[PDB]
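Chains as they are written, first to last, in the deposited numbering: chain A, 10 to 124; chain B, 10 to 124; chain B', 10 to 124; chain A', 10 to 124. A prime marks a further copy of an entry chain. Backbone N, C-alpha and C fix where the C-beta goes; we use that ideal spot for every residue, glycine too. Okay, structure first, notes after.
There are 4 protein chains.
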Amino acid sequence: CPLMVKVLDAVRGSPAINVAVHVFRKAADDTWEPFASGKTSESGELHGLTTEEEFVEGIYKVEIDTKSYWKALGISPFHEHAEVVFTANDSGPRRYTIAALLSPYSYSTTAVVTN
Amino acid sequence: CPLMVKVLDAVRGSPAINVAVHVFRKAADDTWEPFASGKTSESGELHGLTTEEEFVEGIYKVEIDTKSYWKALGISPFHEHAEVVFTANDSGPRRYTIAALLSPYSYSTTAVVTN
Amino acid sequence: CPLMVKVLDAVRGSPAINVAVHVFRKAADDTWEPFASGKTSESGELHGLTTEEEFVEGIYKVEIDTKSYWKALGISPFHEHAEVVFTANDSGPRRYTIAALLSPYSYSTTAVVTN
Amino acid sequence: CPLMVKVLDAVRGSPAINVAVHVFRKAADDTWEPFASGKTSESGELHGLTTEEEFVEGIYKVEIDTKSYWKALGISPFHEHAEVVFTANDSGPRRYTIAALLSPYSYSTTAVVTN
Ligand SMILES: O=C(O)CCO/N=C/c1cc(Br)cc(Br)c1O
Ligand SMILES: O=C(O)CCO/N=C/c1cc(Br)cc(Br)c1O
């Protein structure tokens, strides 16, 4: 699994479950093309978005739909979504974990990159 | 001043100076139209981007050029940029400060919305 | 002013107002001795804790009473307090700003060290 | 396993490996007594600190030795350590994951608490 997403909720101290995630890849004409999508599980994780073969070099955007998550908990948050944009596999294949820690008016995102 | 940006460097414990910042407004055709831009000051701040008159309700994006910042420091970064996407709302407080705390493989962003 | 504290609330997107903050110095017997304290202002800031004359090199602890802050908002928190422990050094810049970004089950802290 | 620690490095985008962790528990005389200790693994994780039987209600302090970690990478960081202080098991047994994301002049810590 070369691209994984993990989302945590900093208000509740829990995984952020059922968070929609959309992944896009920049095309040769410089526009964002759909690449994969899914929803976080009960553990706040999203696996199985892509394969090593499909996950070629490129610029990828991982959009985490945080606004819908908070609205469903009764909270009107600040951001529309959290966007994570990065070049992938430009020095050969890697495994990426994109993690996000969510609060209504703040989020943090990190990447863990392994061989 | 209704919209300010503050950028900090978590590696050096300092303001992030001379970071390019672009602000976009979402247009009716769903595309991002340039709105304002600048470079952070020696205090890591960018003021004077817009006026109360111009900063009407809508969806805005603040794009912080983090990749060029880390490249100048000789540190290999993960993200192409940091993106902050939000709705400006007239029902809340009048000043929006978008703050970002930068590391090579991580960033945090918060919104401080005050009167 | 060589030591300042700034506290933000990531749930409300606001300064964290009226938060108690205690500063301690490590004594020669390795115990923490009270040094200075106060409550954050309406801007979430606490200034005037010490002077350049008093703020000699040593190990200091800044304890932010986050539990009482969340209790006042009716939100169940995880931590008893946030603790920031550091060595003050005369070889670096002269002003230390200890910033903290608070959520019920998470906090971030950074140091902005400037001239 | 009711108490786990996970540490990430925000500069390198990797687990923080070989980080020393000391856990203390407040005794009836209000002093911190040693409770458990260990080091993070190649995955940045520390398991096996305690058992459900031993991990009774109390106030616990998890001290993550961040300064030694950074010094070994050639970096002189700001903090002496990251301290996480919390009441545990006061509404029955729970499972706690204490996570920390490290940068030289900043860290964030969250808790994931499960039944
Ligand atoms: O395994 C679990 O239950 C959660 C532990 O993983 N933590 C991830 C994580 C932690 C912090 Br602190 C900041 C960011 Br951004 C993260 O993505
Ligand atoms: O006075 C200064 O120099 C700036 C201090 O403000 N801190 C802001 C801030 C702190 C943390 Br922790 C995380 C995020 Br995101 C922030 O935006």
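- Within the region 85 to 98 of chain A, contact with chain B at the beta-carbon level (separation under 8 Å) is assigned to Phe87, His88, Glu89, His90, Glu92, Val93, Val94, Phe95, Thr96.
- Here the C-alpha atom of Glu61/A lies approximately 17 Å from the C-alpha atom of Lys70/A.
- In this chain, the beta strand (DSSP E) harbouring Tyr116/B covers 115 to 123.
- Approximately 19 Å separates the beta-carbon atoms of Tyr105/A and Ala25/A; this is outside 8 Å, ruling out the contact.
- When Cβ pairs closer than 8 Å are counted between the two stretches, the region 42 to 56 of chain B is seen to touch the region 12 to 25 of chain B, the count reaching three or more.
- In this chain, the beta strand (DSSP E) harbouring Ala109/A covers 104 to 112.
- When distances are taken from the beta-carbon of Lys80/A to the heavy atoms of ligand 2, even the shortest one reaches 8 Å or more.
- Taking 8 Å as the upper bound for CB-CB distance, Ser112/B and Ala19/A' are in contact here, some 4 Å apart.
- In the three-state reduction of the DSSP assignment, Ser77/A falls in the helix class.
- Taken in chain order, the unbroken stretches of beta strand (DSSP E) that lie wholly in the region 36 to 89 of chain A and span 3 residues or more are 41 to 48, 67 to 73.
- Here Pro24/A' is bridged, per DSSP, to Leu17/A'.
- Contact of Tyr114/A' with chain B by beta-carbon distance below 7 Å involves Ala19, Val20, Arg21, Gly22.
- Cβ neighbours of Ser85/B within its own chain (closer than 8 Å, five residues either side excluded): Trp79, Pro113.
- Restricting attention to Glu66/A', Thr49/A', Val32/A', the CA atom closest to the CA of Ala97/A' is found in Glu66/A'.
- Our two residues, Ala120/B and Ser115/A, have alpha carbons roughly 6 Å apart in a direct line.
- In the DSSP assignment, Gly101/B' forms no beta bridge with any residue.
- For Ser100/A' and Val28/B, the gap between their C-alpha atoms comes out near 48 Å.
- Distances from the alpha-carbon of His90/A' to those of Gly83/A', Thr75/A', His31/A' put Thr75/A' closest.
- Residue-level contact by beta carbon fails for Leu82/B and chain A, as no gap is shorter than 9 Å.
- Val122/A and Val122/B' have their C-alpha atoms some 30 Å from each other.
- Taking 9 Å as the cut-off, the beta carbon of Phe87/B is found closer than this to the beta carbon of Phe95/A.
- Excluding its 5 nearest sequence neighbours in each direction, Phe64/A' has C-beta neighbours in its own chain below 8 Å: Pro11, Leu12, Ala97, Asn98, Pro102, listed in chain order.
- Not one beta carbon of chain A lies nearer than 9 Å to the beta carbon of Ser46/B'.
- With contacts defined by Cβ atoms closer than 9 Å, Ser117/B and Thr40/A do not form a contacting pair.
- An exposed status is given to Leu82/A, since fewer than 16 other beta-carbon atoms sit within 10 Å of its beta-carbon.
- Nearest CB-CB separation between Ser117/B and chain A': below the 9 Å threshold.
- For the pair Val30/B' and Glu72/A', the Cα-to-Cα distance works out to about 20 Å.
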